[PDB]
file structure.csv (CSV, C-alpha atoms)
chain,number,residue,atom,x,y,z
J,216,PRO,CA,129.4,124.8,114.6
J,217,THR,CA,133.0,125.2,113.5
J,218,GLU,CA,133.0,128.7,115.0
J,219,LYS,CA,131.3,129.6,118.3
J,220,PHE,CA,129.8,132.5,116.3
J,221,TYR,CA,129.3,133.7,112.7
J,222,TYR,CA,131.0,136.4,110.6
J,223,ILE,CA,128.6,138.3,108.6
J,224,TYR,CA,131.1,138.8,105.8
J,225,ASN,CA,131.9,135.0,105.7
J,226,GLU,CA,131.3,133.6,102.2
J,227,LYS,CA,131.6,130.0,103.4
J,228,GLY,CA,128.6,130.4,105.7
J,229,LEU,CA,127.7,128.8,109.0
J,230,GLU,CA,129.3,125.3,109.1
J,231,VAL,CA,127.7,122.8,111.5
J,232,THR,CA,128.8,119.3,112.4
J,233,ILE,CA,126.2,116.7,113.5
J,234,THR,CA,127.8,114.1,115.9
J,235,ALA,CA,125.6,111.2,116.9
J,236,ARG,CA,126.8,108.3,119.1
J,237,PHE,CA,125.1,105.6,121.2
J,238,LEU,CA,125.0,106.0,125.0
J,239,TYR,CA,127.6,103.2,125.3
J,240,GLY,CA,130.0,105.2,123.1
J,241,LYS,CA,129.6,103.3,119.9
J,242,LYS,CA,129.0,105.4,116.7
J,243,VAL,CA,125.6,105.8,115.2
J,244,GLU,CA,124.4,105.2,111.6
J,245,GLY,CA,121.3,107.0,110.4
J,246,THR,CA,119.9,110.1,108.8
J,247,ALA,CA,119.5,113.6,110.3
J,248,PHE,CA,117.2,116.5,109.6
J,249,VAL,CA,118.8,119.8,110.4
J,250,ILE,CA,117.2,123.3,110.2
J,251,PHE,CA,118.2,126.8,111.1
J,252,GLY,CA,116.7,130.1,112.2
J,253,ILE,CA,117.2,133.6,113.7
J,254,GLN,CA,116.4,134.7,117.3
J,255,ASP,CA,115.5,138.1,118.5
J,256,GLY,CA,115.3,138.5,122.3
J,257,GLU,CA,112.6,135.9,122.7
J,258,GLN,CA,111.1,135.6,119.2
J,259,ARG,CA,112.4,133.0,116.7
J,260,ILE,CA,112.1,133.1,112.9
J,261,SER,CA,112.5,129.7,111.3
J,262,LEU,CA,114.2,129.4,107.9
J,263,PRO,CA,112.3,126.8,105.8
J,264,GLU,CA,114.7,127.2,102.9
J,265,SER,CA,117.6,126.0,105.1
J,266,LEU,CA,116.1,122.6,105.9
J,267,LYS,CA,118.7,119.9,105.0
J,268,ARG,CA,118.7,116.1,105.1
J,269,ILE,CA,122.2,114.8,105.5
J,270,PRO,CA,123.3,111.2,106.0
J,271,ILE,CA,125.1,110.2,109.2
J,272,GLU,CA,128.1,107.9,108.5
J,273,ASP,CA,130.7,106.9,111.0
J,274,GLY,CA,128.6,108.7,113.6
J,275,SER,CA,129.2,112.0,112.0
J,276,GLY,CA,127.5,114.5,109.7
J,277,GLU,CA,128.2,117.7,107.8
J,278,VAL,CA,125.7,120.5,107.2
J,279,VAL,CA,126.3,124.1,105.9
J,280,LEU,CA,124.1,127.2,106.0
J,281,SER,CA,125.0,129.3,103.0
J,282,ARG,CA,125.0,133.0,103.5
J,283,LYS,CA,122.8,133.3,100.5
J,284,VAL,CA,119.9,131.5,102.1
J,285,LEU,CA,120.5,133.4,105.4
J,286,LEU,CA,120.1,136.8,103.8
J,287,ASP,CA,117.1,135.5,101.8
J,288,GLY,CA,115.5,134.5,105.0
J,289,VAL,CA,114.9,138.2,105.7
J,290,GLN,CA,114.0,141.3,103.7
J,293,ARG,CA,121.3,145.3,105.4
J,294,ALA,CA,123.6,142.5,106.6
J,295,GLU,CA,124.8,144.9,109.3
J,296,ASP,CA,121.3,144.7,110.8
J,297,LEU,CA,121.4,141.0,111.6
J,298,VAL,CA,124.4,142.0,113.7
J,299,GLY,CA,123.6,141.3,117.3
J,300,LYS,CA,121.0,138.7,116.7
J,301,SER,CA,121.6,134.9,117.1
J,302,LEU,CA,121.2,131.7,115.1
J,303,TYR,CA,119.9,128.4,116.3
J,304,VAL,CA,120.3,124.9,114.8
J,305,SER,CA,117.7,122.2,115.3
J,306,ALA,CA,118.8,118.7,114.3
J,307,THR,CA,116.8,115.4,114.3
J,308,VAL,CA,118.6,112.1,113.9
J,309,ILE,CA,116.7,108.9,113.0
J,310,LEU,CA,118.4,105.4,112.9
J,311,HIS,CA,118.4,103.3,109.7
J,312,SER,CA,116.1,101.0,111.7
J,313,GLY,CA,113.5,103.7,112.4
J,314,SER,CA,113.3,102.4,115.9
J,315,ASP,CA,114.6,105.4,117.8
J,316,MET,CA,114.6,109.2,117.3
J,317,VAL,CA,116.5,112.1,119.0
J,318,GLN,CA,116.1,115.9,118.6
J,319,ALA,CA,119.0,118.1,119.5
J,320,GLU,CA,119.4,121.9,119.3
J,321,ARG,CA,122.2,124.5,119.5
J,322,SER,CA,121.0,128.0,120.3
J,323,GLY,CA,122.8,131.3,121.0
O,1305,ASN,CA,84.2,113.6,143.5
O,1306,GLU,CA,82.0,114.8,146.4
O,1307,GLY,CA,79.4,117.5,147.0
O,1308,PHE,CA,80.6,119.6,149.9
O,1309,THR,CA,79.9,123.0,151.6
O,1310,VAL,CA,82.2,125.9,152.4
O,1311,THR,CA,81.8,128.2,155.4
O,1312,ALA,CA,83.8,131.5,155.7
O,1313,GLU,CA,84.0,133.9,158.6
O,1314,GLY,CA,85.7,137.2,159.6
O,1315,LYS,CA,86.9,140.3,157.8
O,1316,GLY,CA,88.6,140.5,154.4
O,1317,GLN,CA,87.8,139.5,150.8
O,1318,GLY,CA,89.1,136.4,149.0
O,1319,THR,CA,88.5,134.1,146.1
O,1320,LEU,CA,87.5,130.4,145.9
O,1321,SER,CA,88.3,128.4,142.7
O,1322,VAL,CA,87.7,124.7,142.5
O,1323,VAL,CA,88.9,122.6,139.5
O,1324,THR,CA,88.7,118.9,138.7
O,1325,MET,CA,91.0,116.8,136.5
O,1326,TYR,CA,89.9,113.6,134.9
O,1327,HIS,CA,89.9,111.4,131.8
O,1328,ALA,CA,87.1,112.5,129.5
O,1329,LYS,CA,85.5,110.3,126.8
O,1330,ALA,CA,87.0,111.0,123.4
O,1331,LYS,CA,84.4,109.9,120.8
O,1332,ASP,CA,87.0,107.6,119.2
O,1333,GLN,CA,88.4,110.8,117.6
O,1334,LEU,CA,90.6,110.1,114.6
O,1335,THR,CA,93.8,108.8,116.2
O,1336,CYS,CA,95.7,109.5,113.0
O,1337,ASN,CA,94.3,112.8,111.7
O,1338,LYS,CA,96.9,114.5,109.4
O,1339,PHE,CA,97.9,111.3,107.6
O,1340,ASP,CA,95.4,109.1,105.7
O,1341,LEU,CA,97.0,105.7,104.9
O,1342,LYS,CA,95.8,102.7,102.9
O,1343,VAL,CA,98.0,99.7,102.5
O,1344,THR,CA,97.3,96.9,100.0
O,1345,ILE,CA,98.9,93.6,99.4
O,1346,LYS,CA,98.3,91.7,96.1
O,1347,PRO,CA,99.7,88.7,94.3
O,1348,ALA,CA,102.0,89.1,91.2
O,1349,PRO,CA,101.2,88.4,87.6
O,1350,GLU,CA,102.6,84.9,87.0
O,1351,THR,CA,104.6,84.1,83.9
O,1358,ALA,CA,105.6,79.9,91.7
O,1359,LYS,CA,107.4,81.5,94.6
O,1360,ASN,CA,105.0,84.1,96.0
O,1361,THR,CA,106.5,87.5,95.1
O,1362,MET,CA,103.7,89.9,96.0
O,1363,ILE,CA,103.1,93.7,95.5
O,1364,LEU,CA,103.0,96.3,98.3
O,1365,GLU,CA,101.2,99.5,97.5
O,1366,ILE,CA,101.2,102.5,99.8
O,1367,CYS,CA,98.9,105.5,99.5
O,1368,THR,CA,98.9,108.5,101.9
O,1369,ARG,CA,97.6,112.1,102.1
O,1370,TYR,CA,98.1,115.0,104.5
O,1371,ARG,CA,95.0,116.3,106.2
O,1372,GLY,CA,96.3,119.9,106.2
O,1373,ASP,CA,96.0,123.0,104.1
O,1374,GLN,CA,99.6,123.0,103.0
O,1375,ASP,CA,101.7,120.2,101.4
O,1376,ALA,CA,103.4,118.6,104.4
O,1377,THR,CA,107.1,119.0,104.3
O,1378,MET,CA,109.7,116.2,104.7
O,1379,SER,CA,108.1,113.0,106.0
O,1380,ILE,CA,109.2,109.4,106.7
O,1381,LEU,CA,107.9,106.0,105.6
O,1382,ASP,CA,108.6,103.3,108.1
O,1383,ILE,CA,108.0,99.9,106.6
O,1384,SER,CA,108.1,96.5,108.3
O,1385,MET,CA,108.1,93.4,106.0
O,1386,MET,CA,106.2,90.2,106.6
O,1387,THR,CA,108.6,87.7,108.2
O,1388,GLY,CA,110.2,86.1,105.2
O,1389,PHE,CA,109.9,88.9,102.7
O,1390,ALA,CA,112.5,91.2,101.3
O,1391,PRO,CA,111.9,94.2,99.0
O,1392,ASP,CA,113.0,94.0,95.3
O,1393,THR,CA,116.4,95.6,95.0
O,1394,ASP,CA,115.7,96.9,91.4
O,1395,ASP,CA,112.4,98.4,92.5
O,1396,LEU,CA,114.1,100.3,95.3
O,1397,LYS,CA,116.6,101.9,92.9
O,1398,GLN,CA,113.6,103.1,90.8
O,1399,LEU,CA,111.9,104.8,93.7
O,1400,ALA,CA,115.2,106.2,94.9
O,1401,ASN,CA,116.3,107.9,91.7
O,1402,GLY,CA,112.9,109.5,91.5
O,1403,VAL,CA,112.6,113.1,92.8
O,1404,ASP,CA,110.8,113.8,96.0
O,1405,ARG,CA,111.9,110.4,97.3
O,1406,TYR,CA,115.1,109.3,99.0
O,1407,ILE,CA,116.6,106.0,100.2
O,1408,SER,CA,120.0,106.1,101.9
O,1409,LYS,CA,122.8,104.2,100.3
O,1410,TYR,CA,123.0,102.3,103.6
O,1411,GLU,CA,119.6,100.8,103.0
O,1412,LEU,CA,120.4,99.9,99.4
O,1413,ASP,CA,123.2,97.4,99.6
O,1414,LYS,CA,121.6,95.3,102.4
O,1415,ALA,CA,121.0,92.4,100.0
O,1416,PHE,CA,118.0,90.1,100.0
O,1417,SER,CA,119.5,88.6,103.1
O,1418,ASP,CA,118.6,91.3,105.6
O,1419,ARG,CA,116.2,94.2,105.1
O,1420,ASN,CA,113.1,93.4,107.1
O,1421,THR,CA,112.8,97.0,108.0
O,1422,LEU,CA,112.7,99.7,105.3
O,1423,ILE,CA,112.8,103.5,105.5
O,1424,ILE,CA,111.6,105.6,102.6
O,1425,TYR,CA,112.2,109.3,103.1
O,1426,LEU,CA,109.6,111.6,101.4
O,1427,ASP,CA,110.3,115.2,100.5
O,1428,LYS,CA,106.6,116.0,100.5
O,1429,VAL,CA,103.0,114.6,100.6
O,1430,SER,CA,100.1,116.1,98.8
O,1431,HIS,CA,97.0,117.3,100.8
O,1432,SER,CA,94.6,117.3,97.9
O,1433,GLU,CA,95.0,113.8,96.4
O,1434,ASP,CA,96.9,110.7,97.4
O,1435,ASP,CA,100.6,110.1,96.7
O,1436,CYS,CA,100.9,106.4,96.0
O,1437,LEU,CA,104.0,104.2,95.5
O,1438,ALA,CA,104.5,100.5,95.0
O,1439,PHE,CA,107.4,97.9,95.0
O,1440,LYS,CA,107.8,94.2,94.6
O,1441,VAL,CA,108.5,91.8,97.5
O,1442,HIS,CA,109.7,88.2,97.3
O,1443,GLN,CA,109.5,85.3,99.7
O,1444,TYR,CA,112.9,83.8,100.7
O,1445,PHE,CA,112.0,82.3,104.1
O,1446,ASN,CA,109.1,79.8,104.2
O,1447,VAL,CA,107.2,79.6,107.4
O,1448,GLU,CA,103.6,78.8,108.5
O,1449,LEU,CA,101.7,81.7,110.1
I,2,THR,CA,109.7,71.8,96.2
I,3,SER,CA,108.8,75.0,97.9
I,4,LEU,CA,111.3,77.0,100.0
I,5,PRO,CA,114.1,76.9,102.5
I,6,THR,CA,113.8,77.3,106.3
I,7,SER,CA,115.4,78.8,109.4
I,8,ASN,CA,119.1,77.7,109.1
I,9,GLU,CA,118.5,76.8,105.5
I,10,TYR,CA,119.1,80.2,104.0
I,11,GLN,CA,121.7,82.2,106.0
I,12,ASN,CA,123.9,79.1,106.2
I,13,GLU,CA,123.8,78.7,102.4
I,14,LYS,CA,124.3,82.4,101.6
I,15,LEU,CA,127.4,82.6,103.8
I,16,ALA,CA,128.7,79.5,102.1
I,17,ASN,CA,128.3,81.1,98.6
I,18,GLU,CA,129.9,84.4,99.7
I,19,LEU,CA,132.8,82.5,101.2
I,20,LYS,CA,133.2,80.4,97.9
I,21,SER,CA,133.2,83.6,95.8
I,22,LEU,CA,136.4,84.7,97.6
I,23,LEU,CA,137.9,81.2,97.5
I,24,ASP,CA,137.6,81.1,93.7
I,25,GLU,CA,139.8,84.2,93.2
I,26,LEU,CA,142.1,83.0,96.0
I,27,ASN,CA,144.9,81.9,93.6
I,28,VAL,CA,144.5,85.2,92.0
I,29,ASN,CA,145.3,87.2,95.1
I,30,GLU,CA,147.8,84.7,96.4
I,31,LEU,CA,149.8,85.0,93.2
I,32,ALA,CA,149.5,88.8,93.3
I,33,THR,CA,151.7,88.9,96.4
I,34,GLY,CA,154.6,87.6,94.4
I,35,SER,CA,155.8,91.1,93.8
I,36,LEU,CA,154.5,92.5,97.1
I,37,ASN,CA,156.1,92.1,100.6
I,38,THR,CA,156.5,88.9,102.7
I,39,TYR,CA,153.7,90.2,105.0
I,40,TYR,CA,151.0,89.8,102.4
I,41,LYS,CA,152.4,86.5,101.3
I,42,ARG,CA,152.4,85.3,104.9
I,43,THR,CA,148.9,86.6,105.8
I,44,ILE,CA,147.1,85.2,102.7
I,45,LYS,CA,148.6,81.7,102.9
I,46,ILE,CA,147.3,81.4,106.4
I,47,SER,CA,144.0,83.1,105.9
I,48,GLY,CA,143.6,80.9,102.9
I,49,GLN,CA,143.2,77.6,104.7
I,50,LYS,CA,140.9,79.1,107.3
I,51,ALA,CA,138.4,79.8,104.5
I,52,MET,CA,138.7,76.4,102.9
I,53,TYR,CA,138.5,74.3,106.2
I,54,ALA,CA,135.5,76.5,107.1
I,55,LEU,CA,133.7,75.9,103.8
I,56,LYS,CA,133.8,72.0,104.0
I,57,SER,CA,132.7,72.1,107.6
I,58,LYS,CA,129.7,74.1,106.6
I,59,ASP,CA,129.9,75.7,110.0
I,60,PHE,CA,128.2,79.1,110.0
I,61,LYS,CA,130.7,80.4,112.6
I,62,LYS,CA,134.0,79.4,110.9
I,63,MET,CA,132.7,80.4,107.4
I,64,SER,CA,131.9,83.9,108.6
I,65,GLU,CA,135.1,84.0,110.7
I,66,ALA,CA,137.0,83.2,107.6
I,67,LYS,CA,135.0,85.3,105.2
I,68,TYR,CA,136.2,88.6,106.8
I,69,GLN,CA,139.6,87.0,107.5
I,70,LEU,CA,139.9,86.4,103.8
I,71,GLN,CA,138.1,89.6,102.8
I,72,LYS,CA,140.4,91.8,104.9
I,73,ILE,CA,143.6,90.5,103.4
I,74,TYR,CA,142.2,91.0,99.9
I,75,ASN,CA,141.5,94.6,100.5
I,76,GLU,CA,145.0,95.1,102.1
I,77,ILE,CA,146.4,93.7,98.9
I,78,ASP,CA,144.2,95.9,96.7
I,79,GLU,CA,145.6,99.0,98.5
I,80,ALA,CA,149.1,97.5,98.4
I,81,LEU,CA,148.9,97.6,94.6
I,82,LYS,CA,147.7,101.2,94.2
I,83,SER,CA,151.0,102.5,95.6
I,84,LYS,CA,152.6,100.6,92.7
I,85,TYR,CA,150.0,101.7,90.1
call {"tool": "encode", "arguments": {"input": "structure.csv", "output": "structure tokens"}}
result
Amino acid sequence: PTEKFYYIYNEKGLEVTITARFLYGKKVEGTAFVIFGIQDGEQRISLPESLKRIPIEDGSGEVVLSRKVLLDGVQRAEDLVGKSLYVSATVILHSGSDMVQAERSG
Amino acid sequence: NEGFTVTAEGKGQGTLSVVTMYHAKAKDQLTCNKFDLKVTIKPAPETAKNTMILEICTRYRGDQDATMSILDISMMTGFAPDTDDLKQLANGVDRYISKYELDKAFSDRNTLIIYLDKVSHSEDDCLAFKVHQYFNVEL
Amino acid sequence: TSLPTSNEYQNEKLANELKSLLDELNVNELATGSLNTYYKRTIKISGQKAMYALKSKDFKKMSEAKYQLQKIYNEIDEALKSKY
């Protein structure tokens, strides 16, 4: 994520970058499936309306979680303060041969 | 797996739990379950290469319409998907084919990936595209 | 007649792709008349490499020259957009 946190009053939203490269360093070409969610101590609440499918060119990808969808995920912005967000990406090569699942939490 | 006997002695109270671990016989339980799939290959209406038609039908064995799935296709050595047909399936909603897969030309596209936004659980979502033979080979 | 074979397709496709660039060679070569000496020097050299590779029908040289000739073309295309 661009920031190691998230500002509740940030219009832009939570910007996340998906970087994928082969073990030998070379860049990766494929398609990634990224989703979000909120954590509360030990409980996690997935956000189905945040599921994105962005292409991965030059071994890089760009995904954004609009504040609109985030707030709509619950039912008092000042309340979400203290909680945490977690990103779950899933890249698949254009050959459909290999598949990797990453995750940033906290 | 043996049949043995245990003998305790002395004061105190304890517990004895014995558990076995093995490979049970699965009654050939559906190895797919959650995705019905029927693939058909038919000749094309002449009008003398071989250009055939590949039809794919699938359905989710769940209560809810499965979310975003993937279609991994492998051509028959010497067959490339029709470019025009791919554009049609791509422009259509609920379906997606990366630009990277598009401009591969007839030369090299033995492996195809058709991303689906959803698959019905009631009936079957079927699609079809044309394929031509550019590489003659026996077997 | 039926169909081509192993080296029968890829070796022909590369030949056609290499020929397509060779046709508009005079077009790009003459387009460097107003550009710098670099473009005029790079295209006159990358020009032969594509021709000699074509007649030889060598898969290696044809490909080696295809991108050799394709690169210079793109470098010329961009060299013109700064001039409108």
call {"tool": "atom_distance", "arguments": {"input": "structure.csv", "atom1": "atom CA of residue J:283", "atom2": "atom CA of residue O:1427"}}
result
22.0 Å
call {"tool": "residues_around", "arguments": {"input": "structure.csv", "residues": "stretch 4-19 of chain I", "least_positions_apart": "3", "cutoff": "6 Å", "atoms": "all atoms listed in the file", "output": "VMD selection string"}}
result
(chain O and resid 1445 to 1446) or (chain I and resid 22 60 67)
call {"tool": "axis_aligned_box", "arguments": {"input": "structure.csv", "around": "stretch 246-252 of chain J", "padding_each_side": "8 Å", "output": "AutoDock Vina command-line options"}}
result
--center_x 118.3 --center_y 120.1 --center_z 110.5 --size_x 19.2 --size_y 36.0 --size_z 19.4
call {"tool": "interface_residues", "arguments": {"input": "structure.csv", "of": "chain O", "to": "chain J", "cutoff": "7 Å", "atoms": "all atoms listed in the file", "output": "list in words"}}
result
residues 1382, 1421 and 1423 of chain O
call {"tool": "residues_around", "arguments": {"input": "structure.csv", "residues": "residue I:30", "least_positions_apart": "5", "cutoff": "12 Å", "atoms": "all atoms listed in the file", "output": "list in words"}}
result
residues 22, 23, 24, 25, 35, 36, 37, 38, 39, 40, 41, 42, 43, 44, 45, 46, 47, 48, 49, 70, 73, 74, 77 and 78 of chain I
call {"tool": "residues_around", "arguments": {"input": "structure.csv", "residues": "residue O:1436", "least_positions_apart": "6", "cutoff": "9 Å", "atoms": "only C-alpha atoms", "output": "number ranges by chain"}}
result
O: 1365-1369
call {"tool": "atom_distance", "arguments": {"input": "structure.csv", "atom1": "atom CA of residue O:1379", "atom2": "atom CA of residue O:1424"}}
result
8.9 Å
call {"tool": "atom_distance", "arguments": {"input": "structure.csv", "atom1": "atom CA of residue O:1428", "atom2": "atom CA of residue O:1346"}}
result
26.1 Å
call {"tool": "closest_residue", "arguments": {"input": "structure.csv", "among": "J:285, J:264, J:305, J:240", "to": "residue J:317", "atoms": "all atoms listed in the file"}}
result
J:305
call {"tool": "closest_residue", "arguments": {"input": "structure.csv", "among": "O:1388, O:1449, O:1412, O:1402", "to": "chain I", "atoms": "only C-alpha atoms"}}
result
O:1388
